[PDB]
């Protein structure tokens, strides 16, 4: 026989399928609204000029390639916590926190999930919004935790079901884990507003729930990193000792460099010391130590004041392009004579948008218009450009009118 005769073929990657179907289409009008990364106004990858500058200035220094500590680059870790929390947060000043470098946002989630499995004796349940990032489920599941849900997306408004979400969260059994997207919910782009978050924080604190924030889009979501991190900060100001996942894939465009971090906010520095040793003991048999290159870039940008300013402006410019496209999409839908409400499109935030389109309409969009997207109605806004937005509005109008 063979060792692996009984190993089945896994399911096809559905996004990969869309992107590949997109590549084969010879329609000069085609659009890839399944792309999982930022694109410029001509549909190209974008390497941030501040990143190119940072890299050049690293190359000039003739650095070694030695192993990083298990927790990664110490100055990346510190700059990264400062970015998330704000430079004068009481948490930094007291040092009641540990931040370790991870293999991007996914890496941070996987290391968090392993830490919960092993140390969060209070629960095995992690509550995910409905819906959540697809990979959140297998992450927590392979880490050895259980998944639950809470109402989030409202398919009747294509907005935030605040009343269902709040009701649900108030009946989560006490001391469960509640996963929260910091901003730019994936896949819907629907976010709670600041008053909604205050209410959610107040139930969390009341019911003694543990808040696990996923933050893949600070800055990138609105152009304002302080506004994007406001919820996380606010939960911390209210007495909630969150844990936090950060990713530099979108905000710095470091996708393939794999740069992210996991932070546990603790009672005090001594507790953070013990959490850190235990994070290290878990990190080491995953991958020993994290990659160097991307972390060098991020630290150089975050700790150099000229490079940081330049970086903040470039982030603001990506965020601005996405906001532009949503607006111009809604505008064009009106010119077309659409009579549907499309404000969810300007109401949502980040590069992912739940359109409210039905699966049959999506199929018309692929077949008749060569507009490629997933069956759940999710478009990646990064595939919209000023050149093709008029066409998108037309196509969508045709399939919905």
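Numbering follows the first chain given and starts at 1.
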Averaging CA B factors per stretch from the PDB record, which one is higher: 179 to 187 or 73 to 81? 73 to 81
Averaging the C-alpha B factors as listed in the entry, name the stretch that ends up higher: 379 to 387 or 6 to 14. 6 to 14
Using the temperature factors in the entry, find which of 101, 132, 88, 328 has the highest value at its Cα atom. 88
In terms of its chain's C-alpha B-factors, the third that includes residue 42 is the highest
Ordered by C-alpha B-factor within the chain, which third holds residue 92? Give me lowest, middle or highest, please. highest
If you rank every modelled residue in this chain by C-alpha B factor, which third holds residue 345: lowest, middle or highest? lowest
Third assignment of residue 161 from its chain's C-alpha B-factors: middle
Would you mind checking where the Cα B-factor of residue 285 ranks among the modelled residues of its chain, as the lowest, middle or highest third? lowest
